[PDB]
Each structure stands twice: as structure tokens, then as C-alpha cells.
Amino acid sequence: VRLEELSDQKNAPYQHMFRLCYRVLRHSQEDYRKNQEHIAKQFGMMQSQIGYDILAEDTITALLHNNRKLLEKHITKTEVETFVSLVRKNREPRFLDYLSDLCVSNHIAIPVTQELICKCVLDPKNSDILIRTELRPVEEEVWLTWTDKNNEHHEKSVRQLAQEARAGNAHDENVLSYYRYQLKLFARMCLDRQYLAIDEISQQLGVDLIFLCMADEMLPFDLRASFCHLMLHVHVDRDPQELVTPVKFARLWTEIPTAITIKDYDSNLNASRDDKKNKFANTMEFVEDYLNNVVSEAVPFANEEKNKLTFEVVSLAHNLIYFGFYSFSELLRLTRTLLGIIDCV
């Protein structure tokens, strides 16, 4: 029997047999470390059978769901290379999604697998499965260049890709989906301050480029949300940024002014904010404008696509606020907008 021919009516019973076998495997490893480890020794075969209608994807997901130690033990360079080869062969975003899931377990990054995936993906080889983004004077426009499965180059503008996808172009829609999944993979790799991947992804996708992509209202909301997530996890969370404590318990006697106002309180710490907000000033302005636009429309949460971008923007604002990028007056002005956003209708 052949995996590609399993779909035939002649091999139909074999499909049912294999599905039952995989269901047995899934049921035999539920909340049992010994069985999970025993089944994990056959990971290569399961990957070899990944892709076809055999529920191997579900079995792998169940096996690697919320098992940090098992993931670290049984995910290695061979597994990452197998996934890279599969994604090279199929060019489907599902394998990139699987790599992203491997990167993070239980919403917490796993440094060993993150580093392995970064080394295996960002290597000079395997560059044909990643879409390259560049800026062209054409002010400046964003262009994507990618190699198809036939080793043929293709170059096109993001605006044109979005226009064709909206028109109905399946090729451009699939390209956009692949790009979104690639951005998700990069964000997962850069999660929890993975400098090994940040140092190489920042030089490819810059702050200005990501801001332009987010501010381009003609692009898909999901794409804008992916770019916002990348900005949050590649640029905002880095070494210079550090969490701040809003309340201070230690005070110096002679530093206490006789009279204190909102302006004086803001100016007390307006040097570090002033000299660190230069990069993110445009981002903060965009966030404020987006929140005002959201609060100015009835039923803020009506479209899921826009809700994704709203969630990403709110997460970015939360990170910026907790990194001390906002003054007291700015926070007091933003609280009205937030309350209006989450107000009753």
C-alpha cells in the first residue's frame, strides 16, 4: 500500500485500520509518562506518515501537548530537519505551525528547542522556504521575494498581493498565509528574549518597516496583527527595556518638592522617556489613533479580523506602559479611551 494511494476506494479499509491504530496510540499515552516516552521512540515514523489522513497530526499534538520534559528529550536536530524537509516538499503553512508549536510549550518558551529551530531555519541553507522582505524606493514600498517549489523566483509588492487576494487570487492568498505563518514562527522563536534569533530577524524586518506594514490600512487585519506581534516580540522586549515599579517606597528628603503637580510629576522622569521613545514615538501615536478609532465606532468587537489586531495593539500598549513609556497625563488620557472601549452598549 502507498501513502499517496491510501485515498483510493481500494485502500479505504487500510485508512480506517491506520486511523484506529493511531487512536489506540493516542489513548494509550494520556497522562502516563511511561507510555508517552515509549511511544516517543517512534517519532520518526509518525513524522514520515504526517500529512496524510491518518490522524498522525492529532496523535503528535496530543503527545507533545503540555509535556516540557518529553518535548526537550525527544525533539532534536533530526526532528527539526525532518520538519524542514517536509515543509520544503509541501510548502504548506501547517508545518510552520507545527514548528511554532514546538517552539513554545504551555505558553512558555523552551530555550533548547527554540535554539535548535533557530539554527536549523536561519541557517544559510533552507533559505528557499522563507519569504524575503525588502524596501524599494518605487515613499518606500514593501516587496516580497520567494522561491517556488520549482526553484523559480517570484517578486511582488505586498499591496498588489493583498489586492489580488481580495479579488480572489488563490496563489496570492496562499502566499499571504504562508508569510503570516512564517512571521508567527519568527515571533515564537524570538519569544522570551531569544537574542540569537532577534539579532538576525531585526536586520531583516526593521522597526520602520513593521510600523509601515501596521499603518497600511489596505493590508489584511490578520497580517497587520502578525506584524504587531512581531514588533512586540522582536523590538519592544529587549535588553534596554525593563519592567518598572509604579510605586516607590524609598524617597530622598531633599528631593521632595514643596509643591507637586501632575506636570512636575511627569517631568521628574521625562528624560529617560524622552530619549527612549524616539524609536517608538510613531508606534505609540499609531496605538493611540487605533484605540480612538475603535472607541469611536459602535460595537467595538464585531469583526474577528479587526479583533485580532485590536488584541495585538492592546498587548503592545500593555508592554509599553509596563516598560514605562507613558507619563501620568498620557495614562489618564488613555484610561478614558480604554473604559469607553470596554463600556456597555
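Quick note, the sequence shown lines up with residues 536 to 673, 689 to 895 if you use the authors' numbering. Built from N, CA and C at the ideal position, the CB exists for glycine as well.
Candidates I812, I595, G890, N602: closest to residue 680 by CA position: Gap note for the chain: numbering proceeds from 673 to 689 with nothing in between, so residue 680 has no coordinates.
Quick test of the definition: if touching needs 3 or more C-beta pairs under 8 Å, does the segment 861–879 touch the segment 792–803? The segment 861–879 vs the segment 792–803: in contact.
Judging by CA-CA distance, which residue of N818, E705, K576, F736 is the nearest neighbour of residue 675? Looking at the chain, the numbering goes 673 and then 689, which leaves residue 675 without any coordinates in this model.
From the DSSP secondary-structure annotation, give me the bridge partner or partners of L694. The bridge partners DSSP lists for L694 are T668, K706.
Uninterrupted alpha helix (DSSP H) stretches inside the segment 551–617 (no shorter than 4 residues): If only complete runs of 4 or more residues are kept, the segment 551–617 shows the alpha helix (DSSP H) at 568–575, 578–583, 591–598, 603–609, in order along the chain.
Cβ contact (3+ pairs, closer than 8 Å) linking the segment 701–714 and the segment 602–621: Touching, no.
Restricting to Cα atoms, I'd like to know which of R626, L746, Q744, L780 is closest to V757. If we check each option's Cα against that of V757, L780 comes out closest.
When we look at the beta-carbon of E862 and count the other beta-carbons within 10 Å, is it buried (16 or more) or exposed? Classification of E862: buried, given that the 10 Å Cβ count is 16 or more.
For my contact list, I574 and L555 are in at a C-beta cut-off of 8 Å; report their separation, rounded to the angstrom. Not really, about 16 Å apart at Cβ, beyond 8 Å.
From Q571 to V845, what distance separates their C-alpha atoms? Taking the straight line from one Cα to the other gives about 49 Å.
Could you check where the alpha helix (DSSP H) with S846 kicks off and where it finishes? Here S846 belongs to no alpha helix (DSSP H), and DSSP marks it neither H nor E.
Given a cut-off of 9 Å on the beta-carbon distance, is the pair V725 and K706 in contact? Their beta carbons are under 9 Å apart, which means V725 touches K706 by this criterion.
Select from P659, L651, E855 the residue whose C-alpha is nearest the C-alpha of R738. Considering only alpha carbons, the answer is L651.
Can you give the Cα-Cα distance for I751 and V784, rounded to whole angstroms? If you take the alpha carbons of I751 and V784, they lie about 8 Å apart.
Mind checking which residues open and close the alpha helix (DSSP H) that includes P646? Residues 646–656.
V673 to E792, Cα distance in whole Å? Rounded to the nearest angstrom, the two C-alpha atoms are 38 Å apart.
Could you have a look at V536 and say whether DSSP puts it in helix, strand or coil? Of the three classes helix, strand and coil, the one that applies to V536 here is coil, per DSSP.
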